[PDB]
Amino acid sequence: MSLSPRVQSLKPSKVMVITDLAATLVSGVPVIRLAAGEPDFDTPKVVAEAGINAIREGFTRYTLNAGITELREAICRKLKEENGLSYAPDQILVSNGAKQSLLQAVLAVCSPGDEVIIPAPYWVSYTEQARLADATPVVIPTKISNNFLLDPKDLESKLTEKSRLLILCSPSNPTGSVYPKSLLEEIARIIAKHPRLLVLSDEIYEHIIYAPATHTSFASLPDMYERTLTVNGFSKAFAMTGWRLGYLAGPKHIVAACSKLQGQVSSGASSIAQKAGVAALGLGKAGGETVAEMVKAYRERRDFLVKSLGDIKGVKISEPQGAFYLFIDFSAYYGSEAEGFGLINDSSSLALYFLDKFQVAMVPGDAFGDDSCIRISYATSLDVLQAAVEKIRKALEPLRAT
């Protein structure tokens, strides 16, 4: 009955657990679902059509494991036009989603004992992927008064000789924060003084961004091109959740080793999805009006929640600059009791209270390494969001702040 130590010490993704729990409950139990971050739009018409055309034209046989040339060349043009980055097509590795991209990158560059520096709140997979490579997660807490942005001084103090990989998610999952160029530059100068330290730049939410914030690719900073693994994809910006199409861009020697690894553990992205990705990149800079319409809806949802929830006593919010998540501080309510439920002690019991007693499904902050908050996804309709706020207010009424 035994299992490997790597897998048995692995922690289930609470994002997926709660999501599937809410789905299954939706039996015949109506639950407001704000856990997993999945765009509530159809794949854009021309993208879907390219996928259909791929099938109809029999584009279902062997394709290059690393990705078809047509897609990798289109990805190089995107990186240059949108991010100012110069890559050759063999510096691109196309995978089945960004989760696989990140894993292969970590396995490729992290030796046993190496330290992976992960700012909190973090996306749930960063720590677990680190452990899978026999690497040691080095978590750096951030503060809500600082938009959950990394403080350079904290970075420096935690650097050792074993420091190998720094993970930079911008715009962030779960906080929605966007690293300004100013801060990236300071981090860069720190990185530059540590020959062994590489940077993983997770830019999947790049186009989900709200003015005046701007996205700055870390590979674009002075001396950082040689240090940076750029991870990006299609699912969030183009509503291609079921397609699964991610990619990695980076230094030749690293990308070549990830491609070798992928060749032994994966078949690569589907040929059908890759054709769809080509058409998605064909929509123009930043996905054009297609993606702009979607961003405009996200922005309207953001503003509704931020004003609605921020008014509430003992609720603290950082107005997000991108993505589609709110990382809300309800910690003031910890220590109080809700009749019929019990004590609200932390983010997990609070979320469980929201779910059991008010049928709203959110994800507790402890899954992202910050127990002071709970994450809401607002890739859902405005009416759902209105109903969710009404329930959150009612839920917090019998509780006590601080």
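Note that residue numbering follows the sequence shown and begins at 1.
- In the deposited entry, the stretch joining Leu343 to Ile344 is continuous, with no residue of the deposited sequence left without coordinates.
- When the two stretches 273-281 and 296-304 are set side by side, the higher mean Cα temperature factor goes to 296-304.
- Here the stretch with the larger average CA B-factor, out of 328-336 and 145-153, is 145-153.
- Note on the listed residues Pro119, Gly322, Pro212, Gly250: the highest Cα temperature factor in the record is that of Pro212.
- Going by the entry's values, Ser182 shows the largest Cα B-factor out of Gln91, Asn173, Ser259, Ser182.
- For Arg189, the recorded CA temperature factor ranks within the highest third of the chain's modelled residues.
- Ranked within its chain, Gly310 lands in the highest third, by CA B factor from the PDB record.
- Among all modelled residues in its chain, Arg131 ranks in the middle third by Cα B-factor.
- Among the modelled residues of the chain, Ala379 sits in the lowest third by CA temperature factor in this PDB entry.
- When the CA B factors of the chain's modelled residues are split into thirds, the value for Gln104 lands in the lowest one.
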